[PDB]
$ cat upload05.csv   # CSV, C-alpha atoms and all ligand atoms
chain,number,residue,atom,x,y,z
A,1,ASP,CA,3.2,12.6,22.7
A,2,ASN,CA,6.7,11.4,21.6
A,3,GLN,CA,5.5,8.1,20.3
A,4,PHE,CA,8.6,7.7,18.2
A,5,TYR,CA,12.0,6.0,18.9
A,6,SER,CA,15.1,6.0,16.7
A,7,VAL,CA,17.0,2.8,16.1
A,8,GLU,CA,19.9,1.8,13.7
A,9,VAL,CA,19.0,-1.0,11.3
A,10,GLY,CA,21.4,-1.9,8.6
A,11,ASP,CA,22.8,1.4,7.4
A,12,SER,CA,19.6,3.3,8.4
A,13,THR,CA,17.9,5.1,11.2
A,14,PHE,CA,14.4,3.8,11.6
A,15,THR,CA,12.3,6.3,13.5
A,16,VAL,CA,9.0,4.6,14.3
A,17,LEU,CA,5.9,4.5,16.5
A,18,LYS,CA,6.7,2.9,19.9
A,19,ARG,CA,4.2,0.1,19.2
A,20,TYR,CA,6.6,-1.6,16.8
A,21,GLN,CA,9.7,-3.3,18.3
A,22,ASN,CA,12.5,-5.8,17.7
A,23,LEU,CA,13.0,-4.8,14.1
A,24,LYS,CA,14.8,-7.1,11.7
A,25,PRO,CA,16.2,-6.4,8.2
A,26,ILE,CA,14.4,-8.4,5.4
A,27,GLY,CA,14.9,-5.9,2.6
A,28,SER,CA,17.3,-3.4,1.0
A,29,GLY,CA,17.0,-4.5,-2.6
A,30,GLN,CA,11.3,-3.1,-1.8
A,31,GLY,CA,14.0,-0.9,-0.3
A,32,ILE,CA,14.7,-0.7,3.4
A,33,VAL,CA,11.9,-3.1,4.4
A,34,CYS,CA,11.8,-4.3,8.0
A,35,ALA,CA,10.0,-7.0,10.0
A,36,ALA,CA,8.6,-6.0,13.4
A,37,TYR,CA,6.2,-6.9,16.2
A,38,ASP,CA,3.2,-4.6,16.6
A,39,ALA,CA,2.6,-4.5,20.4
A,40,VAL,CA,-0.9,-3.0,20.0
A,41,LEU,CA,-2.4,-5.5,17.5
A,42,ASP,CA,-0.3,-8.4,18.7
A,43,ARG,CA,1.0,-9.8,15.5
A,44,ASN,CA,4.2,-9.3,13.4
A,45,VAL,CA,4.3,-6.7,10.6
A,46,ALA,CA,6.4,-5.3,7.8
A,47,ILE,CA,7.4,-1.7,7.7
A,48,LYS,CA,9.0,0.1,4.8
A,49,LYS,CA,11.0,3.3,5.0
A,50,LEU,CA,10.6,5.5,2.0
A,51,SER,CA,13.6,7.8,2.3
A,52,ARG,CA,12.6,11.2,0.9
A,53,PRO,CA,9.9,9.8,-1.4
A,54,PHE,CA,9.4,13.2,-3.2
A,55,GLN,CA,13.2,13.3,-4.0
A,56,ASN,CA,12.4,12.6,-7.7
A,57,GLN,CA,9.5,12.4,-10.2
A,58,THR,CA,9.6,8.6,-10.4
A,59,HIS,CA,9.8,7.9,-6.6
A,60,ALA,CA,7.0,10.5,-6.1
A,61,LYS,CA,4.8,8.8,-8.7
A,62,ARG,CA,5.4,5.3,-7.3
A,63,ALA,CA,4.9,6.4,-3.7
A,64,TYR,CA,1.7,8.3,-4.5
A,65,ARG,CA,0.2,5.4,-6.5
A,66,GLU,CA,1.3,3.0,-3.7
A,67,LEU,CA,-0.4,5.1,-1.1
A,68,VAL,CA,-3.8,5.7,-2.7
A,69,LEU,CA,-4.4,2.3,-4.3
A,70,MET,CA,-3.5,0.3,-1.1
A,71,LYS,CA,-6.1,2.4,0.8
A,72,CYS,CA,-9.0,1.5,-1.5
A,73,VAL,CA,-8.3,-2.0,-2.7
A,74,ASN,CA,-9.3,-4.9,-0.5
A,75,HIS,CA,-8.5,-8.2,-2.0
A,76,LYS,CA,-6.9,-11.1,-0.1
A,77,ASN,CA,-4.1,-11.4,-2.7
A,78,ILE,CA,-3.1,-7.8,-2.8
A,79,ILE,CA,-0.8,-6.9,0.2
A,80,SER,CA,-2.8,-5.1,3.0
A,81,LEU,CA,-1.6,-1.8,4.2
A,82,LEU,CA,-2.4,-1.6,7.9
A,83,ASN,CA,-0.9,1.8,8.9
A,84,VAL,CA,0.9,4.8,7.5
A,85,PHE,CA,2.9,7.4,9.5
A,86,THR,CA,5.5,10.2,9.5
A,87,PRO,CA,7.9,10.9,12.4
A,88,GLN,CA,8.0,14.6,11.3
A,89,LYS,CA,5.4,17.1,12.6
A,90,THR,CA,5.1,19.7,9.8
A,91,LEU,CA,5.1,19.9,5.9
A,92,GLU,CA,8.3,22.0,6.1
A,93,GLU,CA,10.1,19.3,8.1
A,94,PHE,CA,8.3,16.4,6.4
A,95,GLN,CA,10.9,13.9,5.2
A,96,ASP,CA,9.9,10.2,5.5
A,97,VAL,CA,6.8,8.0,5.2
A,98,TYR,CA,6.7,4.6,6.8
A,99,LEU,CA,4.3,2.0,5.3
A,100,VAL,CA,3.2,-0.8,7.7
A,101,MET,CA,1.7,-3.8,6.0
A,102,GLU,CA,1.0,-7.4,7.3
A,103,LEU,CA,3.7,-10.0,7.1
A,104,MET,CA,4.2,-13.1,5.0
A,105,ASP,CA,7.0,-15.6,5.4
A,106,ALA,CA,9.1,-15.4,2.2
A,107,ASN,CA,9.8,-14.1,-1.4
A,108,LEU,CA,8.6,-15.8,-4.5
A,109,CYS,CA,12.4,-16.0,-5.3
A,110,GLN,CA,12.9,-18.5,-2.5
A,111,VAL,CA,9.9,-20.6,-3.5
A,112,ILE,CA,11.5,-20.8,-6.9
A,113,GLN,CA,14.5,-22.5,-5.4
A,114,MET,CA,12.5,-25.6,-4.6
A,115,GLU,CA,10.3,-28.5,-5.8
A,116,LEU,CA,6.6,-28.1,-5.4
A,117,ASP,CA,3.7,-30.4,-6.0
A,118,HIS,CA,1.1,-29.5,-8.6
A,119,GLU,CA,-1.4,-28.6,-5.9
A,120,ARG,CA,0.9,-25.9,-4.3
A,121,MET,CA,1.9,-24.7,-7.7
A,122,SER,CA,-1.7,-24.7,-9.2
A,123,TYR,CA,-2.5,-22.7,-6.0
A,124,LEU,CA,0.1,-20.0,-6.2
A,125,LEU,CA,-0.7,-19.4,-9.9
A,126,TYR,CA,-4.4,-19.3,-9.2
A,127,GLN,CA,-3.8,-16.6,-6.6
A,128,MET,CA,-1.5,-14.5,-8.8
A,129,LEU,CA,-4.4,-14.7,-11.4
A,130,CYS,CA,-7.0,-13.5,-8.9
A,131,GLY,CA,-5.1,-10.4,-7.7
A,132,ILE,CA,-4.3,-9.6,-11.3
A,133,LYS,CA,-8.1,-10.0,-12.2
A,134,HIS,CA,-9.2,-7.5,-9.5
A,135,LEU,CA,-6.5,-5.1,-10.7
A,136,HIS,CA,-7.7,-5.4,-14.3
A,137,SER,CA,-11.4,-5.1,-13.2
A,138,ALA,CA,-10.5,-1.8,-11.6
A,139,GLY,CA,-8.8,-0.6,-14.7
A,140,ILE,CA,-5.3,-1.2,-13.4
A,141,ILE,CA,-2.9,-3.0,-15.7
A,142,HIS,CA,0.3,-4.0,-13.8
A,143,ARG,CA,3.1,-4.6,-16.5
A,144,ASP,CA,5.9,-5.6,-14.0
A,145,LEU,CA,5.2,-8.8,-12.2
A,146,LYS,CA,8.3,-10.4,-10.7
A,147,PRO,CA,9.3,-12.9,-7.9
A,148,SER,CA,10.9,-10.2,-5.8
A,149,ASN,CA,7.4,-8.6,-5.8
A,150,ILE,CA,5.2,-11.5,-4.8
A,151,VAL,CA,5.3,-12.8,-1.2
A,152,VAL,CA,4.1,-16.1,0.2
A,153,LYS,CA,3.0,-17.7,3.5
A,154,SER,CA,3.8,-21.2,4.9
A,155,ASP,CA,0.2,-22.2,4.4
A,156,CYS,CA,0.5,-21.4,0.6
A,157,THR,CA,-1.3,-18.1,0.7
A,158,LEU,CA,0.1,-15.4,-1.6
A,159,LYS,CA,0.1,-11.6,-2.0
A,160,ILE,CA,1.4,-9.0,-4.4
A,161,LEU,CA,3.3,-6.0,-3.0
A,162,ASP,CA,3.1,-3.4,-5.8
A,163,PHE,CA,0.7,-2.0,-8.5
A,164,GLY,CA,3.5,-1.9,-11.1
A,165,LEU,CA,4.1,0.6,-13.8
A,166,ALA,CA,2.0,3.8,-14.3
A,167,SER,CA,11.4,8.8,-16.2
A,168,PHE,CA,15.0,8.3,-15.1
A,169,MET,CA,17.0,7.9,-11.8
A,170,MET,CA,20.6,7.6,-10.5
A,171,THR,CA,20.9,4.6,-8.1
A,172,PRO,CA,23.1,1.5,-7.5
A,173,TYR,CA,19.8,-0.3,-8.5
A,174,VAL,CA,19.3,-1.6,-12.0
A,175,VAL,CA,15.6,-2.3,-12.8
A,176,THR,CA,14.8,-6.0,-13.5
A,177,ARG,CA,13.5,-6.8,-16.9
A,178,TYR,CA,13.2,-10.5,-17.5
A,179,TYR,CA,9.5,-10.6,-16.8
A,180,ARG,CA,8.3,-7.9,-19.2
A,181,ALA,CA,6.0,-8.7,-22.2
A,182,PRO,CA,7.1,-8.4,-25.8
A,183,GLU,CA,4.5,-5.8,-26.5
A,184,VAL,CA,6.0,-3.7,-23.7
A,185,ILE,CA,9.6,-4.4,-24.7
A,186,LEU,CA,8.8,-3.4,-28.3
A,187,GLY,CA,6.6,-0.6,-27.0
A,188,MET,CA,3.8,-1.6,-29.2
A,189,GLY,CA,0.7,-0.9,-27.1
A,190,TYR,CA,-1.0,-3.3,-24.7
A,191,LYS,CA,-4.1,-4.8,-23.1
A,192,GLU,CA,-4.8,-6.7,-19.8
A,193,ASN,CA,-3.4,-10.1,-20.9
A,194,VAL,CA,0.1,-8.4,-20.9
A,195,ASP,CA,0.7,-9.7,-17.2
A,196,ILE,CA,-0.2,-13.2,-18.6
A,197,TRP,CA,3.3,-13.2,-20.2
A,198,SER,CA,4.7,-12.2,-16.8
A,199,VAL,CA,2.7,-14.9,-15.1
A,200,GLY,CA,4.0,-17.5,-17.6
A,201,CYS,CA,7.6,-16.3,-17.3
A,202,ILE,CA,7.3,-17.1,-13.6
A,203,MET,CA,5.5,-20.5,-14.0
A,204,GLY,CA,8.3,-21.5,-16.3
A,205,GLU,CA,11.0,-20.3,-13.9
A,206,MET,CA,9.2,-22.2,-11.0
A,207,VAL,CA,9.3,-25.2,-13.2
A,208,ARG,CA,12.8,-24.7,-14.7
A,209,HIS,CA,14.6,-23.2,-11.7
A,210,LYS,CA,16.4,-20.7,-13.9
A,211,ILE,CA,15.3,-17.4,-15.2
A,212,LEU,CA,13.8,-18.3,-18.6
A,213,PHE,CA,15.2,-15.4,-20.6
A,214,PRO,CA,18.0,-13.6,-18.7
A,215,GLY,CA,19.7,-10.7,-20.3
A,216,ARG,CA,21.8,-7.6,-19.7
A,217,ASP,CA,19.8,-5.4,-22.1
A,218,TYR,CA,16.4,-5.1,-23.8
A,219,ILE,CA,18.2,-6.2,-27.0
A,220,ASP,CA,19.9,-9.2,-25.4
A,221,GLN,CA,16.6,-10.1,-23.7
A,222,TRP,CA,14.7,-10.3,-27.0
A,223,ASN,CA,17.5,-12.5,-28.5
A,224,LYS,CA,16.9,-15.0,-25.7
A,225,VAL,CA,13.1,-14.9,-26.3
A,226,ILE,CA,12.8,-15.9,-30.0
A,227,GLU,CA,15.9,-18.1,-29.5
A,228,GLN,CA,13.5,-20.4,-27.5
A,229,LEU,CA,10.0,-19.5,-28.7
A,230,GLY,CA,11.0,-18.8,-32.3
A,231,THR,CA,10.5,-15.7,-34.4
A,232,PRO,CA,6.8,-14.5,-34.4
A,233,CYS,CA,4.6,-14.6,-37.5
A,234,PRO,CA,3.8,-12.0,-40.2
A,235,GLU,CA,0.5,-10.9,-38.6
A,236,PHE,CA,2.5,-10.0,-35.4
A,237,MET,CA,5.1,-7.9,-37.2
A,238,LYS,CA,2.3,-6.2,-39.3
A,239,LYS,CA,1.8,-4.2,-36.0
A,240,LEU,CA,5.3,-3.0,-34.9
A,241,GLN,CA,6.1,0.5,-35.9
A,242,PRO,CA,8.3,0.7,-39.1
A,243,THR,CA,11.3,1.8,-37.1
A,244,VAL,CA,10.9,-1.1,-34.7
A,245,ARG,CA,9.7,-3.5,-37.3
A,246,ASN,CA,13.0,-3.0,-39.3
A,247,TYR,CA,15.2,-4.0,-36.4
A,248,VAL,CA,12.9,-6.9,-35.7
A,249,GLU,CA,12.4,-8.3,-39.2
A,250,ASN,CA,16.2,-8.1,-39.9
A,251,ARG,CA,17.1,-10.5,-37.1
A,252,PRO,CA,18.6,-14.0,-37.1
A,253,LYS,CA,15.5,-16.2,-37.7
A,254,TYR,CA,14.5,-18.9,-35.3
A,255,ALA,CA,12.3,-22.0,-35.8
A,256,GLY,CA,12.0,-22.2,-32.0
A,257,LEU,CA,11.5,-25.2,-29.8
A,258,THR,CA,8.0,-26.7,-29.4
A,259,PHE,CA,6.9,-26.8,-25.8
A,260,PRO,CA,7.6,-30.5,-24.9
A,261,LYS,CA,11.2,-29.8,-25.7
A,262,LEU,CA,11.7,-26.6,-23.6
A,263,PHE,CA,10.0,-28.3,-20.7
A,264,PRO,CA,11.0,-32.0,-20.6
A,265,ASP,CA,9.2,-34.5,-18.3
A,266,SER,CA,12.5,-34.5,-16.2
A,267,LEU,CA,11.4,-31.1,-14.8
A,268,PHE,CA,8.0,-32.2,-13.6
A,269,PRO,CA,7.0,-34.3,-10.6
A,270,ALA,CA,5.2,-37.0,-12.5
A,271,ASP,CA,5.6,-40.6,-11.1
A,272,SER,CA,2.1,-41.3,-9.9
A,273,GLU,CA,-0.6,-41.1,-12.5
A,274,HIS,CA,-2.1,-38.0,-10.9
A,275,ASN,CA,1.3,-36.3,-11.4
A,276,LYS,CA,1.6,-37.3,-15.0
A,277,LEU,CA,-1.9,-36.1,-15.9
A,278,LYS,CA,-1.1,-32.9,-14.1
A,279,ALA,CA,2.2,-32.2,-15.8
A,280,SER,CA,0.6,-32.3,-19.3
A,281,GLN,CA,-1.9,-29.5,-18.3
A,282,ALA,CA,0.9,-27.5,-16.7
A,283,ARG,CA,2.5,-27.7,-20.1
A,284,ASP,CA,-0.7,-27.0,-22.1
A,285,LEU,CA,-1.1,-23.9,-19.9
A,286,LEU,CA,2.5,-22.8,-20.2
A,287,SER,CA,2.3,-23.3,-23.9
A,288,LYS,CA,-0.5,-20.6,-24.0
A,289,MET,CA,0.9,-18.0,-21.6
A,290,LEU,CA,4.3,-18.0,-23.3
A,291,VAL,CA,2.9,-16.5,-26.5
A,292,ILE,CA,4.7,-13.5,-28.0
A,293,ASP,CA,1.6,-12.3,-29.9
A,294,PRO,CA,-0.9,-10.9,-27.4
A,295,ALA,CA,-3.5,-11.3,-30.2
A,296,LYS,CA,-3.1,-15.1,-29.8
A,297,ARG,CA,-2.2,-15.3,-26.1
A,298,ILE,CA,-4.6,-16.5,-23.4
A,299,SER,CA,-6.9,-14.0,-21.6
A,300,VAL,CA,-6.9,-13.8,-17.8
A,301,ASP,CA,-10.4,-15.5,-17.5
A,302,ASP,CA,-9.6,-18.4,-19.8
A,303,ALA,CA,-6.5,-19.1,-17.7
A,304,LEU,CA,-8.8,-19.4,-14.7
A,305,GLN,CA,-11.0,-22.0,-16.4
A,306,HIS,CA,-7.9,-24.0,-17.6
A,307,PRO,CA,-8.2,-27.6,-16.4
A,308,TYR,CA,-5.1,-27.2,-14.2
A,309,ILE,CA,-6.2,-23.9,-12.6
A,310,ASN,CA,-9.9,-24.2,-12.2
A,311,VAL,CA,-9.7,-26.9,-9.5
A,312,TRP,CA,-9.8,-23.9,-7.1
A,313,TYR,CA,-12.3,-21.6,-8.8
A,314,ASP,CA,-14.2,-19.3,-6.3
A,315,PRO,CA,-16.8,-16.6,-7.4
A,316,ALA,CA,-16.1,-14.7,-4.2
A,317,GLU,CA,-12.3,-14.9,-4.7
A,318,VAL,CA,-12.4,-14.1,-8.5
A,319,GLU,CA,-15.4,-11.8,-9.1
A,320,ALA,CA,-15.1,-9.4,-6.1
A,321,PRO,CA,-16.7,-5.9,-6.3
A,322,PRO,CA,-14.5,-3.6,-8.3
A,323,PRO,CA,-12.4,-0.9,-6.5
A,324,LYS,CA,-10.8,7.5,-7.0
A,325,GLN,CA,-8.4,9.9,-8.8
A,326,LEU,CA,-6.6,10.4,-12.1
A,327,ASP,CA,-3.2,8.8,-12.0
A,328,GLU,CA,-1.5,9.8,-15.2
A,329,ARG,CA,0.0,13.0,-13.8
A,330,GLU,CA,2.6,15.6,-13.6
A,331,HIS,CA,3.9,17.8,-10.8
A,332,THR,CA,7.2,19.2,-9.4
A,333,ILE,CA,9.0,18.2,-6.2
A,334,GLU,CA,7.3,20.8,-3.9
A,335,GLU,CA,3.9,19.7,-5.3
A,336,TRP,CA,4.6,16.0,-4.9
A,337,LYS,CA,5.8,16.6,-1.3
A,338,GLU,CA,2.5,18.4,-1.0
A,339,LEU,CA,0.4,15.5,-2.3
A,340,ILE,CA,2.2,12.7,-0.4
A,341,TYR,CA,1.9,14.5,2.9
A,342,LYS,CA,-1.8,15.2,2.2
A,343,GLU,CA,-2.3,11.5,1.5
A,344,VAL,CA,-0.6,10.6,4.8
A,345,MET,CA,-2.5,12.9,7.2
A,346,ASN,CA,-5.7,12.2,5.2
B,401,LIG,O1,6.8,-11.2,3.8
B,401,LIG,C1,7.4,-10.4,3.2
B,401,LIG,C2,7.0,-9.0,3.1
B,401,LIG,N1,5.8,-8.5,3.5
B,401,LIG,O2,4.9,-9.5,4.1
B,401,LIG,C3,8.1,-8.3,2.4
B,401,LIG,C4,8.4,-6.9,2.0
B,401,LIG,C5,7.4,-5.8,2.2
B,401,LIG,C6,6.3,-6.0,3.1
B,401,LIG,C7,5.4,-5.0,3.3
B,401,LIG,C8,5.6,-3.7,2.7
B,401,LIG,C9,6.7,-3.5,1.9
B,401,LIG,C10,7.6,-4.6,1.7
B,401,LIG,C11,9.6,-6.6,1.3
B,401,LIG,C12,10.5,-7.6,1.1
B,401,LIG,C13,10.3,-8.9,1.5
B,401,LIG,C14,9.1,-9.3,2.1
B,401,LIG,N2,8.6,-10.5,2.6
B,401,LIG,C15,9.4,-11.7,2.5
B,401,LIG,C16,10.1,-12.1,3.8
B,401,LIG,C17,9.3,-12.3,4.9
B,401,LIG,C18,10.0,-12.7,6.1
B,401,LIG,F1,9.2,-12.8,7.2
B,401,LIG,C19,11.3,-12.9,6.1
B,401,LIG,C20,12.1,-12.8,4.9
B,401,LIG,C21,11.4,-12.4,3.7
B,401,LIG,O3,12.1,-12.2,2.6
B,401,LIG,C22,13.5,-12.3,2.6
B,401,LIG,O4,13.9,-13.3,3.5
B,401,LIG,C23,13.5,-13.0,4.9
$ encode --input "upload05.csv" --output "structure tokens"
Amino acid sequence: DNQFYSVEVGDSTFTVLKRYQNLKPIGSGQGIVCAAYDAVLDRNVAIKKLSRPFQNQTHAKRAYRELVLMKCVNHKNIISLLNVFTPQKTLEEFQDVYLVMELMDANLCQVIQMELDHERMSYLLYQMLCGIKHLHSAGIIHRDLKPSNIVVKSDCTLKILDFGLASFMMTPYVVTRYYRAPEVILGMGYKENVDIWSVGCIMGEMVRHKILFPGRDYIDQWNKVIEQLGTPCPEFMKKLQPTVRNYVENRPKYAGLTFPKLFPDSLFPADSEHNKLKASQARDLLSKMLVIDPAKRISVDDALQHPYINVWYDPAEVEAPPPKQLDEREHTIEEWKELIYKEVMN
């Protein structure tokens, strides 16, 4: 009884189970994340305070889907939830849910601010591809991969924090866009390889150390794509809805730079012969992920047989047994609060 203590972290009051102490801020922009020491298990952990998760239809959707999927997905590349809890005793008073997962050492955003060997890089990308494969094998297509959402460990191990996209909010937080596939941006329908674009957008950033296609708006973002990759072909546009197709066909045309140009040798570690051979396969593999047309873009499995990637292939790691409930859903606040609380108490 009374296993909770309140403590002011940042601008917030973290009320948590006694077992967790010396809490440090490591997130405001996951949102109110916090590093801790779990006295019981005797390791460090990450806790996340979902302030009033039922407060809107979006939050409630994200929080519900976060909750269920983390319970019944065990892959070494998808962040492990260890513990869920609420400080409040009753559904009437029920206000906050704290998620406790295991801790890594850093953002993928930090990793991007540094030179890596092809071994570390081929490893990270391998792992991203695994996690993604599991997700796809369980019918889950992500659609929103991003550095801020992939965490890494000193020994090169890597996890993904969210299960991505499943309408509107008012925050001081603008959603990041630079990693979203053309087929999603143009709202043309999609299949699993759609996260392959997102994977490539990262690889290229790792390699360039600058966000490939930045951009204030979905309009400005698409300028910056074709600017580099070139206007897509006829076959591609034969698929975009007449209303979209119009905007898209009537656009300053681009020849677009062939891959060697976009990614010079300057950017690659390539001074030993191993490094040079490697670089070329990095670029062959980049050349295939960064493809606007999903029709002609590389599948998830082929990516894992790619000469660069497959140096780490593992049947256990890749082809793990597939992971419940319908998840395309609608409810109101008092029903969402109902369903989040049920999922906590379990
Ligand atoms: O490792 C995590 C992490 N969960 O493991 C994590 C989470 C997280 C973890 C579990 C559940 C929800 C969010 C959110 C944001 C960052 C995370 N990071 C990155 C991170 C770790 C760390 F020990 C110190 C810092 C780190 O990043 C910024 O720089 C300081």
$ closest_residue --input "upload05.csv" --among "A:329, A:278, A:159, A:18" --to "ligand LIG 401 (chain B)" --atoms "all atoms listed in the file"
A:159
$ closest_atom_pairs --input "upload05.csv" --of "chain A" --to "ligand LIG 401 (chain B)" --cutoff "7 Å" --atoms "only C-alpha atoms and all ligand atoms" --output "CSV"
residue,atom,partner,partner_atom,distance
A:26,CA,B:LIG401,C23,4.7
A:27,CA,B:LIG401,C12,4.9
A:30,CA,B:LIG401,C11,5.0
A:33,CA,B:LIG401,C11,5.2
A:35,CA,B:LIG401,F1,6.5
A:46,CA,B:LIG401,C7,4.6
A:47,CA,B:LIG401,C8,5.7
A:48,CA,B:LIG401,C9,5.2
A:99,CA,B:LIG401,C8,6.4
A:100,CA,B:LIG401,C8,6.3
A:101,CA,B:LIG401,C7,4.7
A:102,CA,B:LIG401,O2,5.5
A:103,CA,B:LIG401,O2,3.3
A:104,CA,B:LIG401,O1,3.4
A:105,CA,B:LIG401,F1,4.0
A:106,CA,B:LIG401,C15,3.7
A:107,CA,B:LIG401,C15,4.6
A:151,CA,B:LIG401,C1,5.4
A:152,CA,B:LIG401,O1,6.7
A:161,CA,B:LIG401,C9,6.5
$ closest_residue --input "upload05.csv" --among "A:340, A:318, A:290, A:279" --to "residue 127 in chain A" --atoms "all atoms listed in the file"
A:318
$ atom_distance --input "upload05.csv" --atom1 "CA of residue 167 in chain A" --atom2 "CA of residue 11 in chain A"
27.2 Å
$ closest_residue --input "upload05.csv" --among "A:192, A:96, A:42, A:218" --to "residue 60 in chain A" --atoms "all atoms listed in the file"
A:96
$ closest_residue --input "upload05.csv" --among "A:15, A:235, A:94, A:261" --to "residue 54 in chain A" --atoms "only C-alpha atoms"
A:94
$ atom_distance --input "upload05.csv" --atom1 "CA of residue 215 in chain A" --atom2 "CA of residue 132 in chain A"
25.7 Å
$ atom_distance --input "upload05.csv" --atom1 "CA of residue 193 in chain A" --atom2 "CA of residue 300 in chain A"
6.0 Å
$ residues_around --input "upload05.csv" --residues "residue 186 in chain A" --least-positions-apart "4" --cutoff "10 Å" --atoms "only C-alpha atoms" --output "count of residues only"
10
$ residues_around --input "upload05.csv" --residues "range 305-310 of chain A" --least-positions-apart "2" --cutoff "10 Å" --atoms "only C-alpha atoms" --output "ChimeraX atom specification"
/A:118-119,121-127,129,277-285,300-303,312-314
$ residues_around --input "upload05.csv" --residues "residue 172 in chain A" --least-positions-apart "5" --cutoff "12 Å" --atoms "all atoms listed in the file" --output "MDAnalysis selection string"
chainID A and resid 28:29 31
$ closest_residue --input "upload05.csv" --among "A:78, A:141, A:304, A:68" --to "residue 191 in chain A" --atoms "all atoms listed in the file"
A:141
$ closest_residue --input "upload05.csv" --among "A:88, A:243, A:325, A:95" --to "residue 2 in chain A" --atoms "all atoms listed in the file"
A:88
$ residues_near_point --input "upload05.csv" --point "(-2.0, -17.3, -18.3)" --cutoff "6 Å" --atoms "all atoms listed in the file" --output "compact mmCIF listing (two decimals) with C-alpha atoms, keeping the file's coordinate frame"
# COMPACT_ATOMS: atom_id res chain seq x y z
CA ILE A 196 -0.20 -13.20 -18.60
CA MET A 289 0.90 -18.00 -21.60
CA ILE A 298 -4.60 -16.50 -23.40
CA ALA A 303 -6.50 -19.10 -17.70
$ axis_aligned_box --input "upload05.csv" --around "range 84-102 of chain A" --padding-each-side "6 Å" --output "lines of an AutoDock Vina configuration file"
center_x = 5.9
center_y = 7.3
center_z = 8.9
size_x = 22.0
size_y = 41.4
size_z = 19.4
$ residues_near_point --input "upload05.csv" --point "(-9.1, -11.6, 1.4)" --cutoff "12 Å" --atoms "only C-alpha atoms" --output "list in words"
residues 73, 74, 75, 76, 77, 78, 79, 80, 127, 130, 131, 134, 157, 158, 159, 316, 317, 318 and 320 of chain A
